[PDB]
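Quick setup: one chain, the form deposited in one PDB entry, written in structure tokens, and binding and motion questions come after.
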């Protein structure tokens, strides 16, 4: 809080990079075949543990604490699949140059796994998002800021408890992205073009993530019949999220209008 301390303290993007979650293992069971039942159960277990890290992350995310508890909860529950998908795309980009879907070091999907998981087309759509990371040569700086924008990209139909505090936080992070692209237009030429590409990429997540969620809601509802395991963390999120999304109580915020 000191004057000197404030002027010198790591910038907001440096803070985001510092609080980026550690590596999470899926705990892949080599004794089980790669069937939908086992792959999806493994993805769900993995995602539960990643979501625990996401909550820890959100806890020290600057600005997030300034929202009401219920809005914080609401935002994590609405954006969870966007956050996991984006982080997946990043890992896939960094570890495999977006050739494969790197869910964890012990769970990397090639095309065969994509089929086996019963979400071939969804995995291919995500892989295609990851290919954009290669085209753009997305940077760690862009990634971290964009991930925050994803946390802040889906809200209830009639908005949040503290809509103004949310909008302030969202604007603040959009501004960080603006600053970043002004400094570093990277391979898009002009800073405005960089911002356009990055925000279009974010908008392009919505339909894929919505499709991912529909499958997740289906397997959740039919969990016992399908033998698809969900951990408590996902049970909690999906039990709250599913009726809201399915009843239209959901509003995606697009950077660019349809």
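Residue numbers count along the first chain shown, from 1.
Engineer: Once you work out the mean C-alpha B-factor for both 205 to 213 and 58 to 66 from the entry, which is higher?
Structural biologist: Comparing 58 to 66 with 205 to 213, the higher mean C-alpha B-factor belongs to 58 to 66.
Engineer: Could you settle it for me: does 218 to 226 or 22 to 30 have the higher average Cα B factor in the PDB entry?
Structural biologist: Between 22 to 30 and 218 to 226, it is 22 to 30 that shows the higher mean C-alpha B-factor.
Engineer: Highest CA temperature factor in the entry: which of 92, 124, 110, 163?
Structural biologist: The C-alpha B-factor peaks, among 92, 124, 110, 163, at 163.
Engineer: Consider only the C-alpha atoms of the modelled residues in this chain, order them by B-factor as the entry records it, and name the third containing residue 147: lowest, middle or highest.
Structural biologist: CA B-factor rank for residue 147: lowest third.
Engineer: Name the third of the chain's ranked CA B-factors that contains residue 76, choosing lowest, middle or highest.
Structural biologist: Middle third.
Engineer: Taking the C-alpha B-factors as the PDB entry records them, is residue 153 in the lowest, middle or highest third of its chain?
Structural biologist: For residue 153, the deposited C-alpha B-factor lands in the middle third.
Engineer: By the recorded C-alpha temperature factor, relative to the other modelled residues in its chain, which third is residue 184 in?
Structural biologist: Ranked within chain, residue 184 CA B lands in the highest tercile.
Engineer: Relative to the other modelled residues in the chain, which third contains the C-alpha temperature factor of residue 193: lowest, middle or highest?
Structural biologist: Middle third, going by the recorded CA B-factors of the chain.
Another form exists, solved in complex with a partner chain; not displayed. Remarks below refer to it.
Engineer: Which one of 116, 77, 144, 85 is close to the partner chain in the bound PDB entry, taking close to mean a heavy atom within 4.5 Å?
Structural biologist: Answer to the contact question: 77.
Engineer: Identify which of 233, 61, 26, 228 has a heavy atom within 4.5 Å of the partner chain in the bound PDB entry; exactly one of them does.
Structural biologist: It is 233 that has a heavy atom within 4.5 Å of the partner.
Engineer: Would residue 56 count as a contact of the partner chain in the bound PDB entry, using a 4.5 angstroms cut-off between non-hydrogen atoms?
Structural biologist: Residue 56: yes, in contact with the partner chain in the bound PDB entry.
Engineer: Is residue 98 near the partner chain? Define near as a heavy atom within 4.5 Å, in the bound PDB entry.
Structural biologist: Residue 98: no, not in contact with the partner chain in the bound PDB entry.
Engineer: Hey, in the bound PDB entry, does residue 73 get a heavy atom within 4.5 angstroms of the partner chain?
Structural biologist: The answer is yes: residue 73 has a heavy atom within 4.5 Å of the partner chain.
Engineer: Contact between residue 237 and the partner chain in the bound PDB entry at 4.5 Å, heavy atoms?
Structural biologist: It does: once the partner chain is placed as it appears in the bound PDB entry, residue 237 has a heavy atom within 4.5 Å of it.
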